[PDB]
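Okay, upload.txt is below, compact mmCIF, C-alpha atoms:
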```txt
# COMPACT_ATOMS: atom_id res chain seq x y z
CA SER A 37 18.66 -1.88 -3.07
CA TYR A 38 17.68 0.63 -0.39
CA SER A 39 14.15 1.11 0.80
CA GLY A 40 13.16 3.75 3.35
CA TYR A 41 14.56 7.00 4.73
CA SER A 42 18.21 8.21 4.56
CA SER B 37 17.33 0.66 -6.95
CA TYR B 38 16.35 3.16 -4.27
CA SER B 39 12.81 3.64 -3.08
CA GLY B 40 11.83 6.28 -0.52
CA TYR B 41 13.23 9.53 0.86
CA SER B 42 16.88 10.74 0.69
CA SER C 37 16.00 3.19 -10.82
CA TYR C 38 15.01 5.69 -8.14
CA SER C 39 11.48 6.17 -6.95
CA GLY C 40 10.50 8.81 -4.40
CA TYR C 41 11.89 12.07 -3.02
CA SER C 42 15.55 13.27 -3.19
CA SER D 37 14.66 5.72 -14.70
CA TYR D 38 13.68 8.22 -12.02
CA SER D 39 10.14 8.70 -10.83
CA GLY D 40 9.16 11.34 -8.27
CA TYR D 41 10.56 14.60 -6.90
CA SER D 42 14.21 15.80 -7.06
CA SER E 37 1.68 14.02 -1.81
CA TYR E 38 2.97 10.92 -3.58
CA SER E 39 6.36 10.72 -5.21
CA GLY E 40 7.56 7.67 -7.13
CA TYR E 41 6.04 4.64 -8.85
CA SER E 42 2.52 3.18 -8.30
CA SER F 37 3.01 11.48 2.06
CA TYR F 38 4.31 8.38 0.30
CA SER F 39 7.69 8.19 -1.33
CA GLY F 40 8.89 5.14 -3.25
CA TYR F 41 7.38 2.11 -4.98
CA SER F 42 3.86 0.65 -4.42
CA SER G 37 4.35 8.95 5.94
CA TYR G 38 5.64 5.85 4.17
CA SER G 39 9.03 5.66 2.54
CA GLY G 40 10.23 2.60 0.62
CA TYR G 41 8.71 -0.43 -1.10
CA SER G 42 5.19 -1.89 -0.55
CA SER H 37 5.68 6.42 9.81
CA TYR H 38 6.98 3.32 8.05
CA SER H 39 10.36 3.12 6.42
CA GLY H 40 11.56 0.07 4.50
CA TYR H 41 10.05 -2.96 2.77
CA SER H 42 6.53 -4.42 3.33
CA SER I 37 20.00 -4.41 0.80
CA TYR I 38 19.02 -1.91 3.48
CA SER I 39 15.48 -1.43 4.68
CA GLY I 40 14.50 1.21 7.23
CA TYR I 41 15.90 4.47 8.61
CA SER I 42 19.55 5.67 8.44
CA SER J 37 7.01 3.89 13.69
CA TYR J 38 8.31 0.79 11.92
CA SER J 39 11.70 0.59 10.29
CA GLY J 40 12.90 -2.46 8.37
CA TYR J 41 11.38 -5.49 6.65
CA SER J 42 7.86 -6.95 7.21
```
Represent the structure from my file as structure tokens, please.
Amino acid sequence: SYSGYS
Amino acid sequence: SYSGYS
Amino acid sequence: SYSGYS
Amino acid sequence: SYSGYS
Amino acid sequence: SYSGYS
Amino acid sequence: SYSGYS
Amino acid sequence: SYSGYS
Amino acid sequence: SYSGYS
Amino acid sequence: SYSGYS
Amino acid sequence: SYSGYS
């Protein structure tokens, strides 16, 4: 998964 | 999954 | 799933 | 699912 | 604002 | 703001 | 702001 | 801000 | 996974 | 700011 800001 | 801002 | 802002 | 703003 | 799952 | 999963 | 998973 | 997993 | 800012 | 995993 990805968590945060892209 | 993705959580946050893209 | 996706949660947040895209 | 998607939850939020797109 | 809030966007996503709580 | 908050974006994502809490 | 917060982005991601908490 | 915070970005990621907590 | 990725957590943070990209 | 904080970016990553805590």
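Here atom CA of residue D:39 and atom CA of residue I:42 stand 21.7 Å from one another.
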Exercise for review: For atom CA of residue G:38 and atom CA of residue C:40, determine how far apart the two atoms are, in Å to one decimal place.
Suggested key: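 Taking atom CA of residue G:38 as the start and atom CA of residue C:40 as the end point, the length is 10.3 Å.
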Practice item. Figure out the distance between atom CA of residue D:37 and atom CA of residue I:41, please, to one decimal in Å. Key: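 For atom CA of residue I:41 relative to atom CA of residue D:37, the distance reads 23.4 Å.
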Please produce chain H, completed to N, CA, C and O atoms, as a compact mmCIF listing (two decimals), in the coordinates of the input.
```
# COMPACT_ATOMS: atom_id res chain seq x y z
N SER H 37 5.34 6.69 11.22
CA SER H 37 5.68 6.42 9.81
C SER H 37 6.24 5.00 9.66
O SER H 37 6.55 4.33 10.64
N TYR H 38 6.35 4.56 8.42
CA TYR H 38 6.98 3.32 8.05
C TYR H 38 8.13 3.66 7.13
O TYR H 38 7.94 4.47 6.20
N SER H 39 9.28 3.03 7.34
CA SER H 39 10.36 3.12 6.42
C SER H 39 10.84 1.71 6.17
O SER H 39 11.12 0.95 7.09
N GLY H 40 11.00 1.36 4.89
CA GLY H 40 11.56 0.07 4.50
C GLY H 40 10.71 -0.67 3.48
O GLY H 40 10.23 -0.10 2.51
N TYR H 41 10.63 -1.99 3.69
CA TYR H 41 10.05 -2.96 2.77
C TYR H 41 8.87 -3.63 3.50
O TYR H 41 9.05 -4.10 4.62
N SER H 42 7.70 -3.64 2.87
CA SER H 42 6.53 -4.42 3.33
C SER H 42 5.96 -5.21 2.16
O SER H 42 6.41 -4.98 1.01
```
